[PDB]
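Student: First residue of the sequence shown? That's 1 in the entry's author numbering, and the numbers climb one at a time after it.
Would you mind keeping the following structure in view while I ask a few things?
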Amino acid sequence: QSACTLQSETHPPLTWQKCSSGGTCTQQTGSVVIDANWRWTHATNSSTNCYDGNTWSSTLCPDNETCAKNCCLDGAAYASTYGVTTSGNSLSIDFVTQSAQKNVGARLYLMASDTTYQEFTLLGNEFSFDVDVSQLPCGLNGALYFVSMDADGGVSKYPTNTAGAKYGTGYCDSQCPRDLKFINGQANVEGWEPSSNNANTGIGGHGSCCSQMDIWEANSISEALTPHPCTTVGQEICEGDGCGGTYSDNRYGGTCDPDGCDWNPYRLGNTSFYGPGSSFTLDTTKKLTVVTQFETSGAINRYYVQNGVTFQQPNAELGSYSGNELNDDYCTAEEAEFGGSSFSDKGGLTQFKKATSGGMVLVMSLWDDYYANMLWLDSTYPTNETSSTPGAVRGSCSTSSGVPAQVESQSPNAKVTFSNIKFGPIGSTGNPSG
Ligand SMILES: OC[C@H]1O[C@@H](O[C@H]2[C@H](O)[C@@H](O)[C@H](O[C@H]3[C@H](O)[C@@H](O)[C@H](O[C@H]4[C@H](O)[C@@H](O)[C@H](O)O[C@@H]4CO)O[C@@H]3CO)O[C@@H]2CO)[C@H](O)[C@@H](O)[C@@H]1O
Ligand SMILES: OC[C@H]1O[C@@H](O[C@H]2[C@H](O)[C@@H](O)[C@H](O[C@H]3[C@H](O)[C@@H](O)[C@H](O[C@H]4[C@H](O)[C@@H](O)[C@H](O)O[C@@H]4CO)O[C@@H]3CO)O[C@@H]2CO)[C@H](O)[C@@H](O)[C@@H]1O
Ligand SMILES: *[C@@H]1O[C@H](CO)[C@@H](O)[C@H](O)[C@H]1NC(C)=O
Ligand SMILES: [Co+2]
Ligand SMILES: [Co+2]
């Protein structure tokens, strides 16, 4: 796709701290850009939509190539249309924003410049951020994570994409998303099947795969940390069901692990660590600091801070595994206890290390789940299982919670606020900000 300018594109600024092993941190100034899927896609020479509701223009878009040639992405009114605002080192995303149309959440990328994404090399470093999940009930997810996307959003590899990072193109993740309207400079109209429950979405014949470091998938009820490996580290197109993931009938596709080696304290047995109010170690009605460290061995460590009090990731005993570090032994023990082989089949932490050794783009979003109602995160899943089934219970939400239409109607004013992002060598982000 190309870019049009009927609506100006002004990325909301966002500062973050870059810290050094020497004990100091200096401010960095970037901004955030919304993913292409949320934008208006119209004919290059008029205001005629190329995509409207959940269907493509059969005339402007008879095939993937003709569509990309005829269509462009336009600018976004961040606040009024998408409920996205920033203030210094803070970013807030509203759940439901009503303007000419209804919008649900957003997926944003941290940019280095107005035309490029900021890349982060995680291995040997740590990522810290503050988050207020107090306004996120069951069924919602204010996610913060990393994906192996190209800094230009795909422009150099696919000439037919001239919109680039400035218009949020180039997305990929471990689900090998087939819901994307443009992948590799081409539309995804061929094979498009509209969603039966979502008026704005569908699933195309192609998907976009890549490694994903799911640092934070959470709401006020549950939270998870999950690395997802892929046989090919960076962004790569996939065909139909071979894509696997949430959008295909067979989730175990040929390149990415859609499950991951997840770590949810509640799922592991500690039901008193994270939740709303004073009866939990971490009170989700108040802001908290989340720190994730990526040691060179390939293992992942984590600690939290609230009201100045520090808490390492709680210990978990699973099979022969015991501890609080997300390592090979943990992931192997989890598959043995909870079942599955997806993570190890895709190479595990060794394969995942190949992604953290290279650059990854920061993603911040707010979304509800049209495929599983966020049950895999905050409830019992599958819903027919009981607490006796190892790993079934991941949170205290009812198995009837999270229906998109219901949560959007009942909690339209829900929101998530990410702030004070700090990145640097392990042991440095706790030092004074510049
Ligand atoms: O039609 C001419 C008219 O266009 C106006 O611009 C509209 C676009 O017409 C309309 O297609 C566009 O719709 C967006 C919508 O705002 C987003 O909320 C929505 O986001 C979805 C996304 O589609 C999904 O892929 C994702 O999973 O979830 C998100 C969140 O729900 O995406 C649709 C497009 O698919 O909105 C534009 C702004 O109102 C012009 O403003 C007007 O001048 C023209 O006359
Ligand atoms: O397009 C909408 C929205 O998508 C967001 O991406 C989400 C997907 O929408 C969501 O389906 C996906 O959820 C995965 C989850 O990551 C896995 O860890 C989980 O694995 C389960 C497994 O399914 C169970 O069988 C097993 O028992 O437990 C494991 C562990 O819980 O499976 C679910 C469903 O496939 O997560 C994606 C993010 O990682 C985008 O982030 C957002 O921007 C979009 O708007
Ligand atoms: C949960 O974790 C916290 C922090 O590590 C710990 O103090 C508490 O005892 C744990 N509770 C349970 C039930 O494991
Ligand atoms: Co093809
Ligand atoms: Co270690």
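The beta-carbon is built from N, C-alpha and C at its ideal position, and this holds for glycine as well.
Taking its Cβ as the centre, do 16 or more other Cβ atoms sit within 10 Å of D132, making it buried, or is it exposed?
Tutor: Under this definition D132 is a buried residue.
Student: Do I221 and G395 have their C-beta atoms within less than 7 Å of each other?
Tutor: Result yes, Cβ atoms of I221 and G395 sit closer than 7 Å.
Student: In angstroms with no decimal places, state the Cα-to-Cα distance between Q118 and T29.
Tutor: Rounded to whole angstroms, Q118 to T29 spans 11 Å at the Cα level.
Student: Does the Cβ-Cβ distance between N45 and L60 come in under 7 Å?
Tutor: Not closer than 7 Å, so no.
Student: What's the call for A106, buried or exposed, on a 16-neighbour Cβ count within 10 Å?
Tutor: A106 should be labelled buried.
Student: In chain order, which continuous runs of the alpha helix (DSSP H) of length 4 or greater are located wholly inside the region 329 to 365?
Tutor: List check, alpha helix (DSSP H) in window: 342 to 345 and 348 to 356.
Student: First and last residue of the beta strand (DSSP E) that includes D173?
Tutor: Per DSSP, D173 belongs to no beta strand (DSSP E) and is neither H nor E.
Student: Quick check: what's the CA-CA separation for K353 versus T48?
Tutor: Going by the C-alpha atoms only, they are around 45 Å apart.
Student: In angstroms, rounded to a whole number, what distance separates the CA positions of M374 and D259?
Tutor: So the two alpha carbons sit approximately 14 Å from each other.
Student: Counting along the chain, where does the beta strand (DSSP E) carrying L14 start and finish?
Tutor: Residues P13 to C19.
Student: Are the CB atoms of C72 and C176 nearer to each other than 7 Å?
Tutor: No, Cβ-Cβ distance for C72 and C176 is not below 7 Å.
Student: Quick check on this structure: which residue in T201, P13, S20 and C4 has the alpha carbon closest to the alpha carbon of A43?
Tutor: When only C-alpha atoms are compared, the closest one is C4.
Student: What do you reckon, is the C-beta of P412 under 6 Å from a heavy atom of ligand 2?
Tutor: Incorrect: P412 has no Cβ contact closer than 6 Å to ligand 2.
Student: Evaluate the contact criterion for the region 266 to 284 versus the region 301 to 314: three or more CB pairs, one atom per stretch, below 8 Å.
Tutor: With the cut-off at 8 Å, the region 266 to 284 and the region 301 to 314 touch.
Student: If I follow the unbroken alpha helix (DSSP H) through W376, where does it start and stop?
Tutor: From DSSP, the alpha helix (DSSP H) with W376 extends over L375 to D378.
Student: Please report how far the alpha carbon of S87 lies from the alpha carbon of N250, in whole angstroms.
Tutor: Taking the straight line from one Cα to the other gives about 42 Å.
Student: Cβ of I215 within 7 Å of Cβ of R178?
Tutor: Cβ distance not < 7 Å, so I215 and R178 don't count as in contact.
Student: Comparing alpha-carbon positions, which option in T389, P382, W367 and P425 lies nearest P137?
Tutor: Looking at the Cα atoms, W367 is the closest of the given residues.
Student: Do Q17 and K422 have their beta-carbon atoms positioned less than 7 Å apart in this structure?
Tutor: Yes.
Student: Buried or exposed: where does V309 fall if 16 or more other Cβ atoms within 10 Å of its Cβ makes it buried?
Tutor: It is exposed - the Cβ of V309 has fewer than 16 other Cβ atoms within 10 Å.
Student: Quick one: does the C-beta of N270 sit closer than 6 Å to a heavy atom of ligand 3?
Tutor: Yes, Cβ of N270 sits closer than 6 Å to a heavy atom of ligand 3.
Student: Taking the CB atoms as reference points, tell me whether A143 and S365 lie closer together than 7 Å.
Tutor: Closer than 7 Å, so yes.
Student: Please report the straight-line C-alpha distance between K286 and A414, rounded to a whole angstrom.
Tutor: Spanning the two alpha carbons is a distance of roughly 15 Å.
Student: With DSSP as the reference, label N49 as helix, strand or coil.
Tutor: Note: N49 maps to strand in three-state DSSP.
Student: By alpha-carbon positions, which one of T231, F182, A299 and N384 ends up nearest to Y252?
Tutor: The residue with the shortest Cα to Cα distance from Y252 is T231.
Student: Could you give the DSSP three-state label for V407: helix, strand or coil?
Tutor: Of the three classes helix, strand and coil, the one that applies to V407 here is helix, per DSSP.
Student: Can you tell me whether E295 sits near ligand 5, meaning its C-beta is under 6 Å from at least one heavy atom of the ligand?
Tutor: Correct: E295 has its Cβ closer than 6 Å to ligand 5.
Student: Helix, strand or coil: how does DSSP classify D130 here?
Tutor: Residue state, collapsed to three classes: strand.
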